[PDB]
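Undergrad: First the structure, which I've put down as structure tokens, then a few questions once you've had a look.
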Number of protein chains: 2
Amino acid sequence: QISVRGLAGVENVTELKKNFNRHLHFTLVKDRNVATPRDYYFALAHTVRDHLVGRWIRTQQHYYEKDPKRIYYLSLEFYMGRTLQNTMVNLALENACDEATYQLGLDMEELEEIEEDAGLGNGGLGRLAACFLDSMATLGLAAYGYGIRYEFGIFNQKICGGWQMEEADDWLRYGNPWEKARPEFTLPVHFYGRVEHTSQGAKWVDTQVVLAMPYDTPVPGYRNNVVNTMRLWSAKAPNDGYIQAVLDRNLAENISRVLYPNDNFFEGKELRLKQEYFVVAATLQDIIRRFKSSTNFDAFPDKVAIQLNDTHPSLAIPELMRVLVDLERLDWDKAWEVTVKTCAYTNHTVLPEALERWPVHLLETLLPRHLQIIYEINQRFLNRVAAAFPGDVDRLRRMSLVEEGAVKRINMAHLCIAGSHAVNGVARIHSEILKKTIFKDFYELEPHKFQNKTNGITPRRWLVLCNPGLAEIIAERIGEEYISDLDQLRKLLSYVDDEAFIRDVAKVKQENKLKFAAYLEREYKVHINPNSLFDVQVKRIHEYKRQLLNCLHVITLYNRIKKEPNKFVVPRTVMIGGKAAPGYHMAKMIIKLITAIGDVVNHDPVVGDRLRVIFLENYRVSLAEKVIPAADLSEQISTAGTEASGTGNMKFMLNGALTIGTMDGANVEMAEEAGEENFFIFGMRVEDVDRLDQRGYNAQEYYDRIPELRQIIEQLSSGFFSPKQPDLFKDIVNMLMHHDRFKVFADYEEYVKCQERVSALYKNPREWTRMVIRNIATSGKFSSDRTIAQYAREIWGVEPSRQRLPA
Amino acid sequence: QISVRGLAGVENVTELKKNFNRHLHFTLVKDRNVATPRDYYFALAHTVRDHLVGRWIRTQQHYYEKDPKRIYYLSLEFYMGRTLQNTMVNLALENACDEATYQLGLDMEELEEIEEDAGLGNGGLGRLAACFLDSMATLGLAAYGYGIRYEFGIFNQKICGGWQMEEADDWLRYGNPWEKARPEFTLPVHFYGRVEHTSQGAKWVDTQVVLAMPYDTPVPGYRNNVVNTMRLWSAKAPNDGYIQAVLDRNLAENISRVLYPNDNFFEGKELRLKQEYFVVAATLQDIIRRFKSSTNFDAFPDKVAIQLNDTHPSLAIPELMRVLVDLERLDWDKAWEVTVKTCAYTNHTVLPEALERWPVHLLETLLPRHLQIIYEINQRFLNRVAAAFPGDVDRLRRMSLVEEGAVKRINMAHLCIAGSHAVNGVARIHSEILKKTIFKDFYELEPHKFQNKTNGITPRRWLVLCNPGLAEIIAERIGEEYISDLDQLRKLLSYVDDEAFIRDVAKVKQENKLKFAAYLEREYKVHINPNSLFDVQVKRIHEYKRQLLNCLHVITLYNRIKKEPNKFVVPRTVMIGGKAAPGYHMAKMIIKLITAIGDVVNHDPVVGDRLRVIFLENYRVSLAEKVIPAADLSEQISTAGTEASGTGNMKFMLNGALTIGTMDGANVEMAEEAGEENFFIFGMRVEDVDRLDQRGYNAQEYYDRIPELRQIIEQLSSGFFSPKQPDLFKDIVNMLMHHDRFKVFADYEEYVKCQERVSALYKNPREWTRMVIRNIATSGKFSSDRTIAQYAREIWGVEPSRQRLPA
Ligand SMILES: OC[C@H]1O[C@@H](c2cc(O)ccc2O)[C@H](O)[C@@H](O)[C@@H]1O
Ligand SMILES: OC[C@H]1O[C@@H](c2cc(O)ccc2O)[C@H](O)[C@@H](O)[C@@H]1O
Ligand SMILES: *Cc1c(COP(=O)(O)O)cnc(C)c1O
Ligand SMILES: *Cc1c(COP(=O)(O)O)cnc(C)c1O
């Protein structure tokens, strides 16, 4: 047992054991003679859950009595991962439960692996919402996460013949012990219909009704006895030939059936629009209901803050207006004032293919009243623009919420800026780019609205939970206060020359690598050398993230070895993992390329154990918790200006891996905090990318001047990596040579050179670890607690608290 | 008084004072009432000189008794600089003399400034010979420096209208107290004539005779009581209408009149050839004379080692053969064996315009016998090549000592390789380049001959003498042993975190900068800001050294300031100094450009004291001793592969300045010793340069893709820096754009970026100094004591000794 894992008191261990047996008997209806590991997992989950209830009920009762300003975080994604360990950590029950299960003759680690990941998200945006809920609870904010309870989350990825195969993520199959259905709070949501203009106001009639049933999941703060709520809505058909009518109920319930598996890509499908309005409509009614139970809505913004995670829940703006104007009968101007002061919008990308632009004909059929409200909002907004910039007709066209052309569309991002009192980017460089390019016109009109809130990650799940060994050696030196005040890691700088510490940090990493190297053989049949440098790139597969650049390097290393076999080179295990969106052809071709390279490299006798290429299958939160602690090198090589922030980069930094990356997103602030000398930065900066675009990017030029690059392209083209199918990678080569939007070749030389400097430092164990300590010691700024404290003070207008609520 | 400067004993101070007064009276024939500072300088010089005599006579007597192997270093250049302080340092008389002169009411520092530099050299090659003599004496080797006593050394440089003006360096005007004329050892040297082939051997007859009169100068080792000799020959006409015949004696004496002012450039003038044979002929007779007084010449190589400093003294090979064969009557094969085992050759450059290729018609008229011997050597050599590489006729052509064509020439470098048992480069990268390119054929034939001997500098003149403050704070921590065992500076690494040391190192530098900033106003009328970063590039003006790249950066800094005047930038004083060879037009245009930039930059009100451009006039050894200790940034930016070694770079490193440079010459080994992280490396490596040449260097490409570079070129072309003469710099621009052999534009971007990282570190005083300490601490390898110990053991076959000879 380690200190950070809490006390294993005699009274508590005894209590846990009896409650465990009580649940196994009464709850699971089983006896030790027929119970399986899954049954044991559930008995434990129910036991731990019992400890949350008391705090959950009192926290909510507390908010009712004190009536603080409530924070509503609306998101279509909450990438939660597993809940058992995180709950034990936040309640300081980990050692007690470890001990109790030990005494019952069970291995708690084994049971934890049985829990299904709650994969209600795609990647960064979804996991950010999850980290935020943890921090909001840890900072004592009266916050509520609101989203959709998808029956099927992100698909489970299977690799067949080196190709990605998708299969339904039936995460609710065995039940979810963490959620509590609240059928009594079911609310109606309207679709279609038409608008009627009577004497006293407009009415939305003849609508199709879909019920929204909420499921509440507890969100415990870190050892402060605060337990907030994440409310997820489930679609249900109202109860009102016969057989077919009953079977068609599934049409309405399909709304909460599956999570769209696109990350950073907009797909204008009706079902997706229905999901977006569904979460918005149910949530707002719940918000208003709670408010009226605290009617002049003038105080609404003083009691309510609604944070829009990207534009997905943007309909909250016109829906709030609809309710205040049509139902509460407030005048437009009063309603608009309340709406703007209540809403805030967070942008997460600048890529054009990711911005939401809904066809007017769709909103026209599905939400006729909202379209009218949007036109009105647009009308009044453009009048403000016209008055501020008289005669600038092109500005009017550029700022309009309505986009003209082949098919009229509504720019949801413009709608969010107009209807929010605050708009923020997620990293300094990203926020600046927003003001300089994408939202320049809006920034000129209302400079005060634009802010920055650099992303962060929770040190609970991303350090204590996944890397106990590191959290322990750190605690031994500076105590445990850093877990909820990560800035204290700075105190570790005074140990950079401490021989003992250096030895421990290195030891922890080695243990993590052995543990992971073992895991890889266990549940996947792959052997790797634990002494090699663990070079990993895990994140969704996308061209802008440039897994292809990583591939080029790997192939370069291979060609160099084959060129001079008996020459020494630092051993490396190159691990790449991530899912590709089902309809993203190029993403799927890249995965194939990666496995294809592995097929060649991993079986070349001459390479030996000096180079290994492994594709990490089904990358997800639970897997991230395993690979990150075991990494030595973190690949964050997106083309400068494309990765808004990135969060995986922060996880790696906090866990003892060095970073090789471009000056993109949060990498810039990370390098700034640790010192550029302690980072492996390379490639074009944003400015260099623009210059190249002015000039015109011609990949052929690099192909002609770099022999090693040429050799690689010719290997791909000739079928060196695809014997049976010589032209298998023709699309990739064609893209790289003629239409590479991300300039892979432009950063190749500097990337390869930078990688050489990495290998050089790895040869000096002591100095590599010392640099590691300098990174870990300055990763404090990247805690989501800092991020949330900034949102709270600069946007929501509430003060975070570290005060413990009574037991 | 500081410790490293020795003891100021009461008996010695009293003795020095009386001897000072004795010389002022009896030697200078003056009294205190009419004595000027110069008279005082001479009284002091004679007093210090008296202390050398006893040791000088005993050292030579010692070599006579013990009869060790003698080392003869032949060089046409010995860039000695001043001798007074160096002598006091090596005899540990500095404090005593400081005290004694103080008591007589005189400032010793003032008197030292009166001594004329012995400028018998151009640059690096000449100063290397000087450092070598110091180290050979310090290592107790029986070594003799042999050269020419030029009446006029390197010209004194005057800047008029921003242009270089040359004026005779009449360094002997007031007399040289250090030398001792030895008219009794005068030797005859022959020129012209013809060859007669009699029965028993060939005879060189009807020659013109020129006498060689030697002047001996003492070379004291560091506190070991060893005093070696530097013998310099002076040309004298034999004593045998009347008036004109007497006046024409000057024709013969013109041989030792002036030093050719070319550095790294071959000028095939007859007078230069006469100088080369003159030093060789007189020296060899002296060597043989001394040997016969120690006749089977089989032991000659066991008692004699002749080191050829470049090809300038290459005629030593055929001259030795001439003497052994024609005069001593040894058979050719025996004579050749002795010659090869006796001679060793050091190459100092790979630039084609620097290699000596003498026209056959000149050697034919001036040295008919030597030409015959050279043909014979060539003949027998090519027979060896033919036998080793049968049928390779092109190799025969490439290796021939005789070059065919428009005008037959003799490749002196090929002659040296054939007639020497050892050939060495002066830095690892240079030595490798010799084996891979320039002398590849020779390396293949005789791989054993090729070696490397990385250059070094003497820590006596280049640390103790010019930077007493630094030598003192170092001695305070690790003692004084490092002065003759520089590797001990490593011990300073354990003080890199020592707050006291950091403060002292920084303090010493600040004092040096104040001292120099003051000097600049004193004897030159220029004011500078002592708080700015001292950015200096001092060395001979040449295109390969790329002072032009430095200029481009300076202009860039200026344009950036003018662009954003109120933006903060680290203040800089950019100092550039160096002489241009009289006939090197481009070199003279670069000097003009530098002063022209200064004229604009230094008088722009907006720049203020943030940027200053100063051209250091008349750069020479005595000036180097002043600027180097005061530098913060050392510019060593030659195009990769062109600077064989460089030595100025080492001086700066030993004196606390950081280095920004290319991976050229010794810079590579310096970075390797200190760690690349503690060096500011940038630009193309040798390999990148070759790739560019394969491809074809097109400067226009850089001009088109870099706006800042374009702006600079257009400023130069339009006359921005030359109002009255708008096209004044047309030649420079034309060269840069169409025929730049050194690829200035190719390294511009990376250079400017690297300079930004320098400015960034300078903003952090503590970390800049810590990096400085890491440099100084690892500069040990660059002591000429290490270099000479390697020559001694690996080439000359003698063991260095640190044993003190009796008083
Ligand atoms: O802000 C959390 C992360 O959100 C990511 C994201 C943005 C979207 O518009 C859609 C999906 C998605 O995962 C950005 O790519 C990351 O850079 C950023 O760190
Ligand atoms: O070896 C001492 C230095 O000799 C220099 C030199 C070489 C020549 O062939 C002629 C003159 C001259 O000064 C090289 O340029 C330096 O790189 C080298 O460090
Ligand atoms: C942290 C995380 C991400 C975000 O990673 P980036 O590299 O910033 O894209 C995506 N997926 C999972 C499962 C994560 O844990
Ligand atoms: C050391 C020295 C040199 C050689 O300098 P580099 O930069 O190596 O060319 C030339 N001249 C003088 C006066 C020197 O002291």
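Residues displayed in chain A correspond, in order, to Swiss-Prot positions 13-252, 262-315, 325-837.
According to its header, the structure was obtained by X-ray crystallography, 2.0 Å.
Cβ coordinates are placed from backbone N, Cα and C, and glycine is handled just like the others.
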Undergrad: Do you know which of A:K466, A:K681, A:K754 is annotated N6-(pyridoxal phosphate)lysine by Swiss-Prot?
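TA: Per Swiss-Prot, the residue annotated as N6-(pyridoxal phosphate)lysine is A:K681.
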Undergrad: Taking A:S315 and A:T325 as the modelled residues on either side of 9 missing ones, report their Cα-Cα distance in Å, whole number only.
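TA: So the endpoints of the gap, A:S315 and A:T325, lie 10 Å apart at their Cα atoms.
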Undergrad: Can you give the distance in Å from the Cα of A:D252 to the Cα of A:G262, which flank 9 unmodelled residues?
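TA: Result for this gap is 14 Å, Cα to Cα.
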Undergrad: Listed in sequence order, which of the recorded positions A:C143, A:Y156, A:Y204, A:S430, A:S747 sit with a CB under 8 A of chain B?
TA: none
Undergrad: Report the member of A:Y156, A:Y204, A:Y227, A:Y473 (the recorded positions) whose C-beta atom has the most other C-beta atoms within 10 angstroms.
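TA: Most Cβ neighbours within 10 Å: A:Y156.
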Undergrad: Could you round the CA separation between A:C143 (site 'Involved in the association of subunits') and A:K681 (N6-(pyridoxal phosphate)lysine) to a whole angstrom and send it over?
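TA: With distance taken Cα to Cα, A:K681 (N6-(pyridoxal phosphate)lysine) is 12 Å from A:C143 (site 'Involved in the association of subunits').
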Undergrad: Please report the DSSP secondary structure of A:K681 (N6-(pyridoxal phosphate)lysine), reduced to three states.
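TA: In the DSSP reduction, A:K681 (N6-(pyridoxal phosphate)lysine) maps to helix.
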Undergrad: What is the number of other Cβ atoms found within 10 Å of the Cβ of A:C109 (site 'Involved in the association of subunits')?
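TA: A 10 Å sphere around the Cβ of A:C109 (site 'Involved in the association of subunits') contains 28 other Cβ atoms.
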Undergrad: Can you check which residues sit near A:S15 (phosphoserine), meaning Cβ under 8 Å from its Cβ, same chain, 6 or more apart in sequence, and list them in order?
TA: A:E502, A:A505, A:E506, A:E510
Undergrad: Out of A:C109, A:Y156, A:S430, A:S747, which of these recorded positions is nearest A:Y204 (phosphotyrosine) by C-alpha distance?
TA: A:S430
Undergrad: By a simple count of other Cβ atoms within 10 Å, which of A:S430, A:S514, A:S747, A:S748, the modified residues in the record, is least packed?
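TA: It is A:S748 that, of the modified residues A:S430, A:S514, A:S747, A:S748, has the fewest other Cβ atoms within 10 Å.
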Undergrad: Give the helix, strand or coil assignment DSSP yields for A:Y156 (site 'Can be labeled by an AMP analog').
TA: strand
Undergrad: For the C-alpha pair, I'd like the distance in angstrom between A:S514 (phosphoserine) and A:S748 (phosphoserine), rounded off.
TA: 55
